[PDB]
Structures are given as structure tokens and as C-alpha cells.
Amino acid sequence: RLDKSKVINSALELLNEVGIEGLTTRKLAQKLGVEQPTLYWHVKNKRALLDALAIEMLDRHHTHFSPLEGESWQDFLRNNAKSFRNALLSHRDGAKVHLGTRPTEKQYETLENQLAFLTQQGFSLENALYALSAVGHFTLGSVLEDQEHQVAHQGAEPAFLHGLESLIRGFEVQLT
């Protein structure tokens, strides 16, 4: 009948059409061909819908949350930022959708596993959390301004890549 699969697939399509500000559960119910009380069992309001959209965009496109076999910490942080940025760009206003959500327990566990990997490579526990925070804040900030100006030099990927590189070589220095 009507599973979480069609709910979120239709919700992500309507997010692209309308954006985060005009997206309503009523437009999703009409797009799905269901009454609003029926949809309330799968999504209870806009806040719950945005929470689900952000989680789904990460599971779909944030694939490089863990280091690969024999991958340097520099390459890991590099591809962790690119993966996170791809999720935010997977859909319209994806960074705005992500900013309004609260992290699940699985994301905290994933973050602890990242601190473990960084501390294993010579990072202090304090510096390992700062490196991950800085990369996240920079990536989120870059996409937020990029998607805000996407309503209208050009090309935000070079700015992101050169800034991510500035972070990585800065991390290398502060190790010594």
C-alpha cells in the first residue's frame, strides 16, 4: 500500500520541486494520493518529515564515513568531507534540511569511531575532535552559502577543495 519507501521517495522529489520553505505534509499527501490522517502514521508533521529527509540523504550519499583499507588519515578526512558535501547537494536545500535536525545515536557512535581512528594515527583526543568539527563546519558552511546563492568567479567546488586542502595541511603541521 504505502510504505516508508514511497513516503520518503515522494518527499525527496517534492523537496526538489518546492524547496524546504514551501514543503508541507499536505502537498506530500496530495502527491501520494492519500488523505492527511493516513499519512500521519508514517510522518506526523513537517519537523518529522525533515528529520527523515536528512537521515535518508546521508544513508544514500554519505558513504565514506569510515576509512578504507590502508587509507591515510589525510585521504580519509578528504573523502569524508567530499562524501558529506555530496549528501548536502543531493537534493535542493539539502544543507538547510540537515542543519535543523539533531544527530541520532548511530551518528555519535560513528563519530566516536572516527576519534578512535584519528587518535590511533597520532592525534590527541582534543585535536581529533577539533579536526572533525572544523571539516564539518567548513563543509556545511560552504554548501549553505553555495545553495543560498544557487537561486541566481563562478564554481563553488574549487573554493571547497582549496579550503579543505588548507585544513588538511594545517592538521599536518599541528601534529608536529
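Each residue number is its position in the shown sequence, starting from 1.
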### Query
Should the segment between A152 and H153 be described as having none, 1 to 3, 4 to 9, or 10 or more unmodelled residues of the deposited sequence?
10 or more
#### Entry: Stretch exceeding the other in mean C-alpha B-factor - 111 to 119, 143 to 151
143 to 151
### Task
Return whichever of 122 to 130 and 63 to 71 has the greater mean Cα B factor according to the PDB record.
63 to 71
### Task
Ordered by C-alpha B-factor within the chain, which third holds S166? Give me lowest, middle or highest, please.
lowest
### Query
Lowest, middle or highest third: where is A87 by C-alpha B factor in its chain?
highest
## Note on the structure
Among the modelled residues of its chain, the C-alpha B-factor of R78 falls in the third labelled lowest
### Task
Using the B-factors in the PDB entry, rank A52's C-alpha atom against the chain and give the third, lowest, middle or highest.
lowest
### Summary
In terms of its chain's C-alpha B-factors, the third that includes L28 is the middle
